[PDB]
file query22.txt (compact mmCIF, C-alpha atoms)
# COMPACT_ATOMS: atom_id res chain seq x y z
CA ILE A 2 0.00 0.00 0.00
CA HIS A 3 1.89 3.07 -1.31
CA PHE A 4 -1.04 5.12 -2.64
CA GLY A 5 -2.82 7.05 0.10
CA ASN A 6 -0.02 7.33 2.68
CA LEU A 7 2.31 9.63 0.70
CA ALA A 8 1.64 13.31 1.52
CA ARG A 9 -0.66 15.67 3.38
CA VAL A 10 -2.01 17.84 0.56
CA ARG A 11 -4.55 20.62 0.62
CA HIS A 12 -6.35 22.97 -1.76
CA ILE A 13 -4.90 21.93 -5.08
CA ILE A 14 -7.18 21.49 -8.07
CA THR A 15 -6.09 19.79 -11.28
CA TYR A 16 -7.76 19.59 -14.68
CA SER A 17 -6.97 16.98 -17.30
CA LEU A 18 -8.53 15.77 -20.56
CA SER A 19 -8.89 12.27 -21.86
CA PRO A 20 -6.16 11.42 -24.39
CA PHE A 21 -8.82 11.01 -27.04
CA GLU A 22 -10.01 14.60 -26.77
CA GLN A 23 -6.51 16.02 -27.27
CA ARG A 24 -3.58 15.92 -29.67
CA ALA A 25 -0.54 13.71 -29.04
CA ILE A 26 2.09 16.18 -30.21
CA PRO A 27 0.53 19.68 -30.00
CA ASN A 28 2.00 23.06 -31.01
CA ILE A 29 5.32 21.75 -32.33
CA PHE A 30 6.34 25.13 -33.69
CA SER A 31 4.68 27.50 -31.25
CA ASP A 32 5.81 25.67 -28.09
CA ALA A 33 7.89 22.52 -28.61
CA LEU A 34 10.83 23.74 -30.72
CA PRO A 35 11.18 27.12 -28.98
CA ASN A 36 11.60 25.18 -25.72
CA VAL A 37 13.96 22.66 -27.29
CA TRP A 38 16.10 25.57 -28.33
CA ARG A 39 15.67 27.12 -24.89
CA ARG A 40 16.85 23.89 -23.26
CA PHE A 41 19.85 23.51 -25.56
CA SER A 42 20.85 27.11 -25.02
CA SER A 43 20.74 26.98 -21.23
CA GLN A 44 23.07 23.96 -21.20
CA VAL A 45 25.60 24.25 -24.08
CA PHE A 46 28.03 26.38 -22.15
CA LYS A 47 28.09 23.92 -19.28
CA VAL A 48 28.44 20.74 -21.32
CA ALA A 49 30.30 21.71 -24.49
CA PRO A 50 33.45 23.35 -22.97
CA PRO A 51 35.08 20.30 -21.37
CA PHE A 52 34.18 18.13 -24.37
CA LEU A 53 35.81 20.75 -26.58
CA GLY A 54 38.86 20.75 -24.33
CA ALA A 55 38.94 16.96 -24.55
CA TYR A 56 38.98 17.16 -28.33
CA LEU A 57 41.87 19.61 -28.35
CA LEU A 58 43.98 17.53 -25.98
CA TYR A 59 43.13 14.55 -28.19
CA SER A 60 44.19 16.29 -31.42
CA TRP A 61 47.35 17.65 -29.88
CA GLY A 62 48.42 14.31 -28.46
CA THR A 63 47.59 12.46 -31.67
CA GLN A 64 49.50 14.87 -33.90
CA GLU A 65 52.38 15.20 -31.43
CA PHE A 66 52.73 11.43 -31.42
CA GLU A 67 53.00 11.28 -35.20
CA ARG A 68 55.39 14.21 -35.34
CA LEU A 69 57.73 12.27 -33.08
CA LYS A 70 57.73 9.40 -35.57
CA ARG A 71 58.97 11.64 -38.40
CA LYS A 72 62.71 12.23 -38.76
CA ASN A 73 64.64 15.35 -37.89
CA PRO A 74 66.99 16.24 -40.78
CA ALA A 75 69.21 17.79 -38.12
CA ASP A 76 70.59 14.35 -37.24
CA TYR A 77 72.00 13.67 -40.69
CA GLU A 78 73.33 17.08 -41.70
CA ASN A 79 76.91 15.96 -41.20
CA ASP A 80 76.83 12.29 -42.06
CA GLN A 81 78.71 12.59 -45.37
CA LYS B 224 -40.89 35.90 -31.86
CA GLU B 225 -42.86 36.04 -28.62
CA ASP B 226 -44.56 32.65 -28.95
CA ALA B 227 -41.68 30.68 -30.45
CA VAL B 228 -39.88 28.41 -27.93
CA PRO B 229 -36.08 29.03 -28.37
CA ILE B 230 -33.77 26.11 -29.16
CA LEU B 231 -30.63 26.17 -27.01
CA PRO B 232 -27.14 25.83 -28.48
CA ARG B 233 -25.92 22.27 -27.89
CA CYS B 234 -23.51 21.52 -25.03
CA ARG B 235 -20.38 19.56 -25.94
CA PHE B 236 -19.43 16.74 -23.62
CA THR B 237 -15.81 16.10 -22.65
CA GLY B 238 -14.16 13.00 -21.27
CA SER B 239 -12.03 14.60 -18.57
CA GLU B 240 -11.46 14.97 -14.86
CA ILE B 241 -11.25 17.59 -12.16
CA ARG B 242 -9.54 16.72 -8.88
CA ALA B 243 -10.11 18.98 -5.92
CA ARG B 244 -7.92 17.67 -3.17
CA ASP B 245 -8.19 18.42 0.50
CA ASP B 246 -6.69 15.75 2.69
CA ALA B 247 -8.17 17.64 5.62
CA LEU B 248 -11.65 16.43 4.60
CA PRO B 249 -12.76 13.23 6.46
CA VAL B 250 -14.07 11.32 3.45
CA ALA B 251 -13.71 11.55 -0.30
CA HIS B 252 -16.45 11.97 -2.91
CA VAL B 253 -16.09 10.65 -6.43
CA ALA B 254 -18.48 10.85 -9.39
CA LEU B 255 -17.97 9.27 -12.79
CA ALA B 256 -20.27 9.62 -15.80
CA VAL B 257 -20.62 9.28 -19.54
CA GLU B 258 -22.91 11.34 -21.79
CA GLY B 259 -26.61 10.43 -21.67
CA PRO B 260 -29.13 10.67 -24.57
CA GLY B 261 -31.51 13.35 -23.28
CA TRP B 262 -35.21 13.32 -22.29
CA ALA B 263 -36.73 12.39 -25.62
CA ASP B 264 -34.79 9.14 -26.17
CA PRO B 265 -36.48 5.80 -25.25
CA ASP B 266 -33.18 4.20 -24.26
CA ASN B 267 -33.50 6.22 -21.06
CA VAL B 268 -35.99 3.55 -20.03
CA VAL B 269 -33.29 0.90 -20.41
CA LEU B 270 -30.62 3.05 -18.73
CA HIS B 271 -32.89 3.43 -15.70
CA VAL B 272 -33.46 -0.32 -15.67
CA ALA B 273 -29.68 -0.70 -15.81
CA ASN B 274 -29.20 1.68 -12.91
CA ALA B 275 -31.68 -0.40 -10.93
CA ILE B 276 -29.49 -3.49 -11.31
CA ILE B 277 -26.51 -1.71 -9.73
CA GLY B 278 -28.75 0.41 -7.53
CA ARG B 279 -27.52 2.11 -4.40
CA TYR B 280 -26.27 1.66 -0.87
CA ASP B 281 -25.51 3.36 2.40
CA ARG B 282 -24.25 2.02 5.76
CA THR B 283 -27.77 1.89 7.17
CA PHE B 284 -29.25 -0.52 4.67
CA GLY B 285 -30.16 -3.40 6.97
CA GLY B 286 -30.06 -5.86 4.11
CA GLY B 287 -26.28 -5.71 4.43
CA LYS B 288 -24.26 -8.49 2.84
CA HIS B 289 -27.39 -10.10 1.37
CA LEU B 290 -28.43 -7.20 -0.84
CA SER B 291 -29.09 -8.23 -4.43
CA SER B 292 -26.88 -5.43 -5.81
CA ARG B 293 -23.46 -6.94 -6.35
CA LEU B 294 -21.74 -3.60 -5.83
CA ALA B 295 -23.68 -3.21 -2.58
CA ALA B 296 -22.61 -6.68 -1.45
CA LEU B 297 -18.94 -6.04 -2.19
CA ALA B 298 -19.25 -2.68 -0.52
CA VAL B 299 -20.45 -4.48 2.61
CA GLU B 300 -18.04 -7.46 2.43
CA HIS B 301 -15.03 -5.22 1.93
CA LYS B 302 -16.14 -2.01 3.67
CA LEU B 303 -15.69 -0.25 0.31
CA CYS B 304 -17.62 2.95 1.03
CA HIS B 305 -20.03 4.89 3.19
CA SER B 306 -22.51 5.07 0.28
CA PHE B 307 -22.97 5.08 -3.48
CA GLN B 308 -25.67 5.95 -6.00
CA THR B 309 -26.27 5.50 -9.69
CA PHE B 310 -28.04 8.20 -11.68
CA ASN B 311 -29.35 9.03 -15.11
CA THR B 312 -29.76 12.76 -15.15
CA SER B 313 -31.52 13.92 -18.30
CA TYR B 314 -31.65 17.21 -20.14
CA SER B 315 -33.26 18.29 -23.42
CA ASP B 316 -30.37 17.45 -25.79
CA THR B 317 -28.05 15.52 -23.47
CA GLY B 318 -27.48 14.15 -19.97
CA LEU B 319 -25.17 12.43 -17.49
CA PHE B 320 -25.16 8.70 -16.81
CA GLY B 321 -22.89 7.69 -13.96
CA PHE B 322 -22.38 7.04 -10.28
CA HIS B 323 -21.13 8.76 -7.14
CA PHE B 324 -19.72 7.27 -3.97
CA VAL B 325 -18.36 8.42 -0.63
CA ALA B 326 -15.48 6.42 0.79
CA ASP B 327 -12.61 6.59 3.22
CA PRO B 328 -9.29 7.75 1.73
CA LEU B 329 -7.91 4.20 1.78
CA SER B 330 -10.76 2.37 0.06
CA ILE B 331 -11.35 4.67 -2.91
CA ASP B 332 -9.34 2.54 -5.25
CA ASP B 333 -11.07 -0.74 -4.55
CA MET B 334 -14.50 0.93 -4.66
CA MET B 335 -13.82 2.46 -8.08
call {"tool": "encode", "arguments": {"input": "query22.txt", "output": "structure tokens"}}
result
Amino acid sequence: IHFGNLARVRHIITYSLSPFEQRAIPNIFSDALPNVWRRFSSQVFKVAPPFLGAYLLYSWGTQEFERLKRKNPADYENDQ
Amino acid sequence: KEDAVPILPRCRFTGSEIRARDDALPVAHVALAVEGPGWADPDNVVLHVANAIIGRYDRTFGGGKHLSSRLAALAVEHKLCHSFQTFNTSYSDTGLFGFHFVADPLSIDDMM
């Protein structure tokens, strides 16, 4: 028994419609998308940064590792 | 104009719910109903017959657990509610066919 012992609640009214009276995916352009954008916007500067930093470190380290495989002509300039 | 009886604009029915919650109240009331046909329709005779089968109850019905109404019996056997009633409220072009019961907070679910 977990329904009926949860919380003391007073004076709240709620209104809901059957699913058959309403649309499944309403106002995609007037409400949905705007909010999607809103949600993306509010988070991008928190998430993106470290991932971007990760990428850099990755690129550096990958290129630096290949550069060290190449040869330095300065080791053969007096090998005649 | 004066002796013409005006026809009212039809009222649209909506499957939906309204929940007014006040845990401070001692017992809960619940009413459920579908759209009825309206005065003129003959089916109302059958609906009323139907409501008679389910009928009604209240904690002072002496018949108790032997009442013919199954819902009434269960109500007694399982202490499902303080009372319940069926109804077929009619109107010109529509109506409400349903039931209402009064139960303790912890027996609402089984009653329904």
call {"tool": "axis_aligned_box", "arguments": {"input": "query22.txt", "around": "range 300-311 of chain B", "padding_each_side": "3 Å", "output": "AutoDock Vina command-line options"}}
result
--center_x -22.2 --center_y 0.8 --center_z -5.7 --size_x 20.3 --size_y 22.5 --size_z 24.8
call {"tool": "interface_residues", "arguments": {"input": "query22.txt", "of": "chain A", "to": "chain B", "cutoff": "12 Å", "atoms": "all atoms listed in the file", "output": "ChimeraX atom specification"}}
result
/A:2-23
call {"tool": "atom_distance", "arguments": {"input": "query22.txt", "atom1": "CA of residue 264 in chain B", "atom2": "CA of residue 310 in chain B"}}
result
16.0 Å
call {"tool": "atom_distance", "arguments": {"input": "query22.txt", "atom1": "CA of residue 289 in chain B", "atom2": "CA of residue 333 in chain B"}}
result
19.7 Å
call {"tool": "residues_around", "arguments": {"input": "query22.txt", "residues": "residue 295 in chain B", "least_positions_apart": "5", "cutoff": "12 Å", "atoms": "only C-alpha atoms", "output": "list in words"}}
result
residues 275, 276, 277, 278, 279, 280, 281, 282, 283, 284, 285, 286, 287, 288, 289, 290, 300, 301, 302, 303, 304, 305, 306, 307, 308, 309, 324 and 334 of chain B
call {"tool": "write_last_selection", "arguments": {"input": "query22.txt", "atoms": "C-alpha atoms", "output": "compact mmCIF listing (two decimals), keeping the file's coordinate frame"}}
result
# COMPACT_ATOMS: atom_id res chain seq x y z
CA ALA B 275 -31.68 -0.40 -10.93
CA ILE B 276 -29.49 -3.49 -11.31
CA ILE B 277 -26.51 -1.71 -9.73
CA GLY B 278 -28.75 0.41 -7.53
CA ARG B 279 -27.52 2.11 -4.40
CA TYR B 280 -26.27 1.66 -0.87
CA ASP B 281 -25.51 3.36 2.40
CA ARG B 282 -24.25 2.02 5.76
CA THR B 283 -27.77 1.89 7.17
CA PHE B 284 -29.25 -0.52 4.67
CA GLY B 285 -30.16 -3.40 6.97
CA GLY B 286 -30.06 -5.86 4.11
CA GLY B 287 -26.28 -5.71 4.43
CA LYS B 288 -24.26 -8.49 2.84
CA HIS B 289 -27.39 -10.10 1.37
CA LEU B 290 -28.43 -7.20 -0.84
CA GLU B 300 -18.04 -7.46 2.43
CA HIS B 301 -15.03 -5.22 1.93
CA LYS B 302 -16.14 -2.01 3.67
CA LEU B 303 -15.69 -0.25 0.31
CA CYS B 304 -17.62 2.95 1.03
CA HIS B 305 -20.03 4.89 3.19
CA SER B 306 -22.51 5.07 0.28
CA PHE B 307 -22.97 5.08 -3.48
CA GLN B 308 -25.67 5.95 -6.00
CA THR B 309 -26.27 5.50 -9.69
CA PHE B 324 -19.72 7.27 -3.97
CA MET B 334 -14.50 0.93 -4.66
call {"tool": "residues_around", "arguments": {"input": "query22.txt", "residues": "residue 319 in chain B", "least_positions_apart": "3", "cutoff": "6 Å", "atoms": "only C-alpha atoms", "output": "PyMOL selection string"}}
result
chain B and resi 256-259+311-312
call {"tool": "atom_distance", "arguments": {"input": "query22.txt", "atom1": "CA of residue 54 in chain A", "atom2": "CA of residue 36 in chain A"}}
result
27.7 Å
call {"tool": "decode", "arguments": {"input": "query22.txt", "residues": "range 22-43 of chain A", "atoms": "N, CA, C and O atoms", "output": "short mmCIF file (atom, residue, chain, number, x, y, z; two decimals), in the first residue's frame"}}
result
data_model
loop_
_atom_site.label_atom_id
_atom_site.label_comp_id
_atom_site.auth_asym_id
_atom_site.auth_seq_id
_atom_site.Cartn_x
_atom_site.Cartn_y
_atom_site.Cartn_z
N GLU A 22 -9.44 13.29 -26.50
CA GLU A 22 -10.01 14.60 -26.77
C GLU A 22 -8.89 15.54 -27.21
O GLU A 22 -9.15 16.59 -27.81
N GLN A 23 -7.65 15.16 -26.93
CA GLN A 23 -6.51 16.02 -27.27
C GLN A 23 -5.51 15.44 -28.24
O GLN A 23 -5.57 14.26 -28.57
N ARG A 24 -4.60 16.29 -28.70
CA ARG A 24 -3.58 15.92 -29.67
C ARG A 24 -2.33 15.40 -28.98
O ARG A 24 -1.92 15.92 -27.95
N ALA A 25 -1.75 14.36 -29.55
CA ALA A 25 -0.54 13.71 -29.04
C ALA A 25 0.70 14.59 -29.01
O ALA A 25 1.45 14.60 -28.03
N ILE A 26 0.93 15.30 -30.11
CA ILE A 26 2.09 16.18 -30.21
C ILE A 26 1.62 17.58 -30.63
O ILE A 26 1.80 17.99 -31.77
N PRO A 27 1.03 18.34 -29.70
CA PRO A 27 0.53 19.68 -30.00
C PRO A 27 1.57 20.79 -30.07
O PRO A 27 2.64 20.68 -29.47
N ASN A 28 1.21 21.84 -30.82
CA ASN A 28 2.00 23.06 -31.01
C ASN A 28 3.50 22.86 -31.18
O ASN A 28 4.28 23.47 -30.46
N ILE A 29 3.90 22.02 -32.13
CA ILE A 29 5.32 21.75 -32.33
C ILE A 29 6.14 23.02 -32.57
O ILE A 29 7.23 23.19 -32.02
N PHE A 30 5.61 23.91 -33.39
CA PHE A 30 6.34 25.13 -33.69
C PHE A 30 6.13 26.26 -32.72
O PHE A 30 7.07 26.99 -32.43
N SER A 31 4.93 26.41 -32.19
CA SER A 31 4.68 27.50 -31.25
C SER A 31 5.21 27.27 -29.84
O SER A 31 5.51 28.23 -29.12
N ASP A 32 5.37 26.01 -29.45
CA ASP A 32 5.81 25.67 -28.09
C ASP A 32 6.98 24.70 -27.99
O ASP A 32 7.98 24.98 -27.33
N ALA A 33 6.86 23.55 -28.65
CA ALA A 33 7.89 22.52 -28.61
C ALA A 33 9.29 23.03 -28.95
O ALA A 33 10.13 23.17 -28.06
N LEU A 34 9.52 23.29 -30.23
CA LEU A 34 10.83 23.74 -30.72
C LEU A 34 11.42 24.91 -29.93
O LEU A 34 12.58 24.85 -29.49
N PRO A 35 10.65 25.99 -29.75
CA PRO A 35 11.18 27.12 -28.98
C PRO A 35 11.83 26.59 -27.71
O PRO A 35 12.99 26.88 -27.43
N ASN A 36 11.09 25.78 -26.95
CA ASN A 36 11.60 25.18 -25.72
C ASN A 36 12.81 24.28 -25.93
O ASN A 36 13.71 24.27 -25.10
N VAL A 37 12.82 23.53 -27.03
CA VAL A 37 13.96 22.66 -27.29
C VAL A 37 15.17 23.55 -27.39
O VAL A 37 16.20 23.28 -26.77
N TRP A 38 15.04 24.61 -28.17
CA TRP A 38 16.10 25.57 -28.33
C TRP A 38 16.45 26.13 -26.97
O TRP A 38 17.61 26.16 -26.58
N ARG A 39 15.44 26.58 -26.23
CA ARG A 39 15.67 27.12 -24.89
C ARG A 39 16.52 26.17 -24.02
O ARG A 39 17.46 26.58 -23.35
N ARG A 40 16.16 24.89 -24.05
CA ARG A 40 16.85 23.89 -23.26
C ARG A 40 18.29 23.70 -23.70
O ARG A 40 19.19 23.59 -22.86
N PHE A 41 18.51 23.67 -25.01
CA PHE A 41 19.85 23.51 -25.56
C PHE A 41 20.71 24.69 -25.14
O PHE A 41 21.82 24.52 -24.64
N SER A 42 20.17 25.88 -25.34
CA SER A 42 20.85 27.11 -25.02
C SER A 42 21.32 27.17 -23.58
O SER A 42 22.49 27.43 -23.30
N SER A 43 20.40 26.92 -22.65
CA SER A 43 20.74 26.98 -21.23
C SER A 43 21.80 26.00 -20.77
O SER A 43 22.35 26.17 -19.69
#
